[PDB]
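Encoded as structure tokens, the following chain is the form solved without this ligand, with no partner shown.
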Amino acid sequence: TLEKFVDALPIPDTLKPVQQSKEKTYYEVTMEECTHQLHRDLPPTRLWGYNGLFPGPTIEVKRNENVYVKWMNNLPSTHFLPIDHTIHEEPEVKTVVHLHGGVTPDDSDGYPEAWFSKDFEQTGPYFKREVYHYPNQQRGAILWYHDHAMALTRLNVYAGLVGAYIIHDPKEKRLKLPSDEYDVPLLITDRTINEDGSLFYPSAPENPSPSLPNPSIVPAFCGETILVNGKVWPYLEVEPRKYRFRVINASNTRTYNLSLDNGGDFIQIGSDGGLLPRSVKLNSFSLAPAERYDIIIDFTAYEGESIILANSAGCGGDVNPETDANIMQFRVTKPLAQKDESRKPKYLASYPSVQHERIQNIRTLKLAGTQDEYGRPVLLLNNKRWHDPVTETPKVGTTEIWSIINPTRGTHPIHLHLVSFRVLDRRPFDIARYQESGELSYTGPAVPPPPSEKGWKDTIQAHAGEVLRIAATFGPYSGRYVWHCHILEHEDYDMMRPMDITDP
């Protein structure tokens, strides 16, 4: 229904520090209930936002900048979305901020049980500090921050609690990539919106078996509408030149498969973990929840054109050409402000291969689940609940191969905190046999990663009927972290596990 391409794409302002010196940068971000218009033709929407903004302000830091952010909850004491009480005396509204892809001390990582309520009145069992510490001793990259509170993540994020966080490495400046105004984040979230403009989040699955509690969690969420940077199907006026985009899938469930309707190419220059070693010319790319693509789009040859960023991946069905087949629209009509001095270099960074690592351990992990007393699917990593004693206990400074078995019907974007990792390969196997006997026979050879996945990843798509192998060096910090599916509906029930990085 909503008319496509009638609102300009908002560019979230960069957060200004409360105090800053050479030794440290200090920010304050408070979560607020606020209203914002999401489309020219809608009444304002009630949202929860970092500093009352949706998306939250973009935070920009340098490699090794010593940063502190005091994340504060100043939200209402009751939620506005359907809470399922059967899945977890504590406050109804709990929040904790996770800097996804951050190389972070464990008590600044936004552990699900380090949640806090309004003004920190009550705090979860794993809470230690108000002011998070981000030393940012990691590669230049696109991070994003979002809520991570136990049993509430799918809800708090859907409410609007997402933002971008960029680490700039000054040594990457020589590459001369598009920058400043020509470097633009795109946070993509699908939403379903009611006529009065309020957010809709389902309080039960369709055909609620009379067994189900009310509200009941749902296995997956697909929105009828795509937003980018907080506007339904927006347009961006661009100059006819090279642009850099930080593409972030900030949606609960939905996977995008992006292309340009004029047949133009993306130049991939970066993955979750930063610059790829070599740029990759791409015609389409898959982007599952929490994945990030750092791309250049060359508008030089398309002056005057309107180009749709299009999507082909279904979400609980085929794309509707009028709705979710559309993400946004570029209009190459802005006059040049100056000569395009930016570059699209082939040679970007050292290969991850350059470093030789002793494999200390090899974990086999399965994506499984069971069914609760109401008949619902309960998703589990290794048939273990979140509350079960920890089993993933890598040693600090060591490298493991994780071997992720997926006998389910769907893809799972598996995310590991603290570390970025590389991809080894994927291999199809007999699902019926694995389920019958617990034994694994591969039905075809190993497939190494495409160039897209030959850098550093931290969220990785594990396709159905495959075994995915990744290699991660755990460090530099020890402590209590998490690994989980990043489909929020899965994560909350109950596809999330503790991870202890140990000291010897």
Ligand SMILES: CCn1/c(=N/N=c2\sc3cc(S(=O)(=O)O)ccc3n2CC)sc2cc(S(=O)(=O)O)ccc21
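Whichever C-alpha set is largest while still superposing within 1.5 Å between the two forms counts as the rigid core. For every residue, the number given is its place in the sequence shown, counted from 1.
Just so you know, the form solved in complex with this ligand exists too; it's not on screen, but the next bit is about it.
Contact annotation for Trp456: at least one heavy atom lies within 4.5 Å of this ligand in the deposited complex. Taking the partner from elsewhere, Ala472 is found to have a heavy atom lying within 4.5 Å of this ligand in the deposited complex. Among heavy atoms of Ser353, some come within 4.5 Å of this ligand in the deposited complex.
In the deposited complex, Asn73 stays away from this ligand, with no heavy atom inside 4.5 Å. For the residues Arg422, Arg246, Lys366, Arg241, the 4.5 Å heavy atom test against this ligand in the deposited complex is passed only by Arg422.
A single residue from the set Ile401, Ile87, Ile431, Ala325 has any heavy atom within 4.5 angstroms of this ligand in the deposited complex; that residue is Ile401. In summary, the region of this chain contacting this ligand in the deposited complex, judged by heavy atoms within 4.5 Å and restricted to 385-393, 278-286, 353-361, 335-343, corresponds to 353-361. Core-based superposition between the shown form and the other one leaves all of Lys173, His387, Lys346, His356 but one with CA shifts under 2 Å; the exception is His356.
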